[PDB]
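In what follows, a structure is listed as structure tokens, so that the remarks can point back to it.
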Amino acid sequence: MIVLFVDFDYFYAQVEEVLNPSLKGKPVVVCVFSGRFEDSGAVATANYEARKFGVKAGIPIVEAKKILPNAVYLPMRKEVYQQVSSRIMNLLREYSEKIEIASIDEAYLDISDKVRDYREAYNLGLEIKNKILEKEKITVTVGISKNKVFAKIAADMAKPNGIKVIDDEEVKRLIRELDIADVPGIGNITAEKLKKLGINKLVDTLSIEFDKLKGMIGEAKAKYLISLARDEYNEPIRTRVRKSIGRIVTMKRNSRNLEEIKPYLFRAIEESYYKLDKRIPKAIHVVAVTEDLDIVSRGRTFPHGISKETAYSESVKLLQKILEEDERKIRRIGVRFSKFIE
DNA sequence: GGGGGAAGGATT
DNA sequence: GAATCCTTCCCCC
Ligand SMILES: Nc1ccn([C@H]2C[C@H](O)[C@@H](COP(=O)(O)OP(=O)(O)OP(=O)(O)O)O2)c(=O)n1
Ligand SMILES: *P(=O)(O)OC[C@@H]1CC[C@H](n2ccc(N)nc2=O)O1
Ligand SMILES: [Mg+2]
Ligand SMILES: [Mg+2]
């Protein structure tokens with residue numbers, strides 16, 4: 001089994017770059033402006049020029065403008081990015097039908113039946129980068145290894161516009177030396193608590209009693225890390241669809257008033273049914289964000305499809321429940337749709 | 001005993 | 001901040 005993983009370089013910022021020639025060699029920061037106070041919101045993506053001075057995804061915009069005030073700041077245009085992404089993934093499909101589109105900026109190809117060894121895979125990867133650059137002017141990084149996780153790790157390593165093979169000797173070395181925080185699917189909440197116990201490398205995961213590990217990070221992550229350190233991670237490359245679509249918006253202050261909150265909620269529904277195409281969800285969640293970092297939701301699932309008009313009524317009810325079962329005022333309001341037909 | 005569903009939590 | 005996916009828990013056949 002040979003896996004070829006493809007990840008798009010600083011993707012939202014790079015698409016803005018391709019579109020706007022007046023930008024490339026400068027620092028570029030793609031943001032989501034919550035539209036509240038001036039410069040309210042966060043950084044979604046920054047190019048490498050911007051990253052050098054500390055500005056990266058998830059930091060507050062006002063923070064990015066202190067450590068790098070003169071950069072070019074741009075609002076997120078997710079639909080533009082999604083159009084480009086869709087085109088590149090159709091390019092990817094041509095190299096393998098065994099493809100796992102994991103997110104808007106990355107995918108896994110099972111190229112086992114296509115190539116006989118890592119040398120041929122590396123040439124294939126080069127051909128893939130070349131065609132994506134040619135057709136879309138977008139640089140990508142390719143990872144190649146024996147399974148999905150290590151192929152991504154290879155891409156993580158290959159910096160931007162790179163390509164890298166992690167062979168079998170290399171996985172063994174990586175199991176012992178790679179930081180747990182560098183493992184796909186392991187975020188900082190998980191990395192930090194493990195690190196306090198001295199669990200810093202994948203191999204350490206074997207040194208700790210399974211039951212303690214499961215009590216810390218949960219059964220799934222435990223087994224996941226353990227399977228990695230044991231060099232027996234399986235999981236084939238399979239077709240993936242987006243499971244949920246939704247809209248969450250920030251309100252201009254506001255509070256508890258129903259008829260005040262309702263107009264935002266309604267817009268989020270419009271946008272969510274817009275983005276759903278002709279998918280048809282069976283479940284709906286209304287999500288509100290309180291006056292703190294507190295996120296509260298209420299949902300309902302039906303034995304059938306939810307018509308858009310029906311989305312309206314149910315979503316108000318769900319909101320009524322949130323308002324009734326929580327005293328804090330509401331800052332942001334949204335809706336998520338899931339459990340689609342087929 | 002194991003879906004399924006709901007509510008909260010974590011990752012990108 | 002926004003979008004999405006993951007984790008835990010409850011209940012009933
Ligand atoms: N706190 C965070 C972390 C990440 N993201 C988004 C930004 C990224 O565009 C996207 C995917 O993460 P990537 O690490 O792949 O980021 P980039 O594609 O922008 O750059 P790179 O390819 O170097 O990873 O997740 C976000 O919105 N908020
Ligand atoms: P990123 O570094 O570009 O990685 C994206 C991947 C796609 C799926 C997966 N993912 C997404 C969202 C959540 N909550 N959990 C995940 O594991 O990361
Ligand atoms: Mg990327
Ligand atoms: Mg990515």
Side-chain angles (χ1 to χ4, degrees), chain A residues 7-8 10-13 29-35 39-46 55-64 73 75-77 81-82 85 100-106 149 152 155-156 180-194 213-225 240-241 244-246 249-251 264 267-268 271-272 281-286 288-290 292 294-303 314 317-318 321-322 325-326 331 333-335 337-340:
Chain A
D7 171 76
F8 306 165
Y10 61 106
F11 183 51
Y12 302 161
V29 182
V30 175
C31 309
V32 288
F33 299 88
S34 262
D39 287 320
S40 80
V43 175
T45 298
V55 314
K56 54 173 175 173
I59 75 164
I61 285 182
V62 292
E63 180 68 46
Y73 291 79
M76 187 169 168
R77 307 145 78 187
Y81 314 151
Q82 178 58 70
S85 168
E100 176 172 331
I101 303 182
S103 80
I104 186 166
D105 86 331
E106 71 188 52
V149 174
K152 178 161 185 170
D156 283 339
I180 287 209
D182 285 316
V183 179
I186 300 293
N188 286 21
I189 301 294
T190 297
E192 282 313 298
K193 57 173 80 166
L194 293 181
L213 184 64
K214 173 193 180 185
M216 282 185 308
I217 66 173
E219 164 175 349
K221 287 178 173 72
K223 305 203 298 184
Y224 168 72
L225 296 179
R240 232 64 188 83
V241 307
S244 73
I245 265 78
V249 80
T250 285
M251 309 187 300
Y264 293 90
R267 176 165 81 178
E271 289 161 324
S272 300
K282 274 142 53 70
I284 179 192
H285 280 243
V286 171
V289 186
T290 85
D292 326 312
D294 206 15
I295 164 77
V296 59
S297 73
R298 299 294 184 269
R300 182 178 183 184
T301 300
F302 290 98
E314 304 302 324
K317 283 190 279 174
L318 288 166
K321 202 174 297 178
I322 301 195
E325 283 158 7
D326 207 307
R331 188 77 213 190
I333 189 69
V335 58
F337 290 103
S338 58
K339 299 180 202 35
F340 308 144

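Protein chains get the first letters and strands the later ones, always in sequence-line order, with residue 1 at the start of each. Only heavy atoms go into these numbers, but all of them, side chains included; no hydrogens, no water, no symmetry mates.
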Determine the contact category for A/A57: base if any of its heavy atoms lies under 4.0 Å from a base atom, sugar-phosphate if only primed atoms, P, OP1 or OP2 are that close, otherwise nothing. nothing
A/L213 has an atom CG; how far is it from atom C1' of C/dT7, in whole Å? 15 Å
Hey, does A/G58 reach any base, or is it just sugar-phosphate, or nothing, if we go heavy atoms under 4.0 Å? base
Quick check: does any side chain N or O of A/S85 sit under 3.5 Å from a backbone N or O of A/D105, one acting as donor and the other as acceptor? no
Listing time: all N or O pairs from protein to nucleotides 11-13 of chain C that are below 3.5 Å?
none

Report yes if at least one side-chain N or O of A/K221 is closer than 4.0 Å to OP1 or OP2 of C/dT7; otherwise report no. yes
Between A/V30 and the options A/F11, A/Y81, A/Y73, A/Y10, the side-chain contact (heavy atoms from CB on, under 4.5 Å) test singles out A/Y81
Would you name the heavy atoms of A/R267 and A/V249 that are closest together and state the gap between them? NH2-CG2, 3.4 Å
Working to the nearest 0.5 angstrom, can you tell me the gap between A/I186 CD1 and A/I217 CD1? 5.5 Å
In whole angstrom, give the distance that lies between atom CG of A/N188 and atom P of B/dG9. 18 Å
Is the shortest side-chain N/O distance from A/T190 to OP1 or OP2 of B/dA10 below 4.0 Å? no
Measure from CD1 on A/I189 to P on C/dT8 and round the result to the nearest Å. 14 Å
A/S244 side chain: which of C/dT4, C/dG1, B/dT11 is closest? C/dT4
Using five base pairs at each end, measure the axis-to-axis angle across the helix from B/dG1-C/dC13 to B/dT12-C/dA2 and round it to 10 degrees. 20°
Closer than 4.0 Å, any side-chain N/O of A/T250 to the OP1 or OP2 of C/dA2? yes
Hey, could you give me the CE/CZ distance between A/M76 and A/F33, rounded to the nearest 0.5 Å? 13.0 Å
Show the nearest heavy-atom pair for residues A/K282 and A/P303, with the distance to one decimal. NZ-C, 4.3 Å
Strictly distance-based, threshold 3.5 Å: is any side-chain N or O of A/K193 a donor or acceptor partner for the main-chain N or O of A/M216? yes
Can you check the A/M216 CE to B/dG9 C1' distance for me, whole Å? 17 Å
Atom-pair distance (CD1 on A/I180; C1' on B/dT11), nearest Å: 16 Å
For A/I61 versus A/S40, what's the shortest heavy-atom pair and its separation? CD1-O, 4.1 Å
State, to 0.1 Å, how close A/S34 and A/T250 come at their nearest heavy-atom pair, and which atoms those are. OG-OG1, 3.0 Å
Listing time: all N or O pairs from protein to nucleotides 5-7 of chain B that are below 3.5 Å?
unit_1, atom_1, unit_2, atom_2, d
B/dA6, OP1, A/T301, N, 3.2
B/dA6, OP2, A/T301, N, 3.3
B/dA6, OP2, A/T301, OG1, 2.6
B/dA7, OP2, A/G299, N, 2.9

Minimum heavy-atom separation for A/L318 and A/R300, please, with both atom names. CD1-N, 4.1 Å
Restricting to non-hydrogen atoms, name the atom on A/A283 and the atom on A/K339 that form the minimum distance, rounded to 0.1 Å. CB-CD, 3.4 Å
